[PDB]
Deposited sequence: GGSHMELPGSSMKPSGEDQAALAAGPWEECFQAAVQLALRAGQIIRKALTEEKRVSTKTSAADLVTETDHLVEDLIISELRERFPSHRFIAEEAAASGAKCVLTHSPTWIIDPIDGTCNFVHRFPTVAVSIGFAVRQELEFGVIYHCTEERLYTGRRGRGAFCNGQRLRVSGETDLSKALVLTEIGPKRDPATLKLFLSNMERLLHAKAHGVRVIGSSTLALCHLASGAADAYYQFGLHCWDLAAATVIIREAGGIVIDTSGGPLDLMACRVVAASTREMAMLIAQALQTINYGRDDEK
């Protein structure tokens, strides 16, 4: 539940970070297998008692020390060579998130956060924007990798309401973890999405909160990992305003 395993996450984040980096050079998904295997394998060895949740009834979090990982977030980008793919390694214990280590492979940024001990990216300490005016917010969001008839109106409509509140703008970059990190750094003021598995927000959650940001459920309430839905923002006013326009549908 601390340091010894946190430094384990950083290097592993780095090793995998190095593995897909020179590999990013339609199923190169073997890279997914090489980086996960390599990470879950070295962590299972060094910490046998620990549990593991990751893109293997899914995000059932116990109270025992567990690891939530995403071998390579931004796989659709990776395919097309579109520079935005990360590695997420989140760590829980007592059924709460302890720390997070996201890694931007291309641009080489090591976003990391730890419960109580602040958030950081390659040295510089992170701190969210603090925006509260929806009309000044840069909102990031993703689209379910799953494409079926009506799971659409939740994208086009959500985007619709949010878009009229006078959002200064809207992004979609093909990577929830990285989008979440833009939130922690301050480059964005909010994020929302339906359909992101927990291994995408476990790491990013400790990071954002350790930078002053908040992470709740799409419905104004608290974050629920088993939900596959989240709404994080710079401030509470912002966050609530987001869950507002947001349609639980």
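- Gaps in the coordinates relative to the deposited sequence fall at 1-25, 51-62, 94-98, 292-299.
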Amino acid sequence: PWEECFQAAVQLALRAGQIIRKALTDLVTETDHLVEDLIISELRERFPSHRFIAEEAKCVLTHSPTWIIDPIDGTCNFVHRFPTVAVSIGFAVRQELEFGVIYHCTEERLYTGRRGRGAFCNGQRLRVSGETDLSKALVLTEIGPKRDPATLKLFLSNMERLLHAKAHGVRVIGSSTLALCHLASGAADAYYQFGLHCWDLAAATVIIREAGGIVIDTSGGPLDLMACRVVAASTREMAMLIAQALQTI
From here on, numbers count along this sequence of modelled residues.
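Between two forms, the rigid core is the largest collection of C-alphas that superpose within 1.5 Å.
- The segment moving more, judged by mean Cα distance from this form in 4 other deposited structures of this protein after a core overlay, is 163-171 among 86-94 and 163-171.
- Greater C-alpha displacement in 4 other deposited structures of this protein (rigid core superposition, RMS over structures and residues), of 96-104 versus 146-154: 146-154.
- For the cut-off of one third of the other compared entries, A57 qualifies: that many or more give it no coordinates while modelling its flanks.
- Figure legend: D26 is marked as unmodelled in at least a third of the other comparable entries of the protein.
- Mean CA temperature factor is higher for 43-51 when stretches 43-51 and 207-215 are set side by side in the entry.
- Note on 32-40 vs 193-201: mean CA B-factor is higher in 32-40.
- Across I173, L163, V87, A119, the greatest Cα temperature factor reported in the deposited entry is at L163.
- If you compare the C-alpha temperature factors of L61, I69, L180, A57 in the entry, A57 comes out highest.
- Looking at the C-alpha B-factors along this chain, the one for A232 belongs to the lowest third.
- Placement of the Cα temperature factor of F155 within the chain: highest third of the modelled residues, per the deposited record.
- In the PDB entry, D148 places in the highest third of its chain by CA B-factor.
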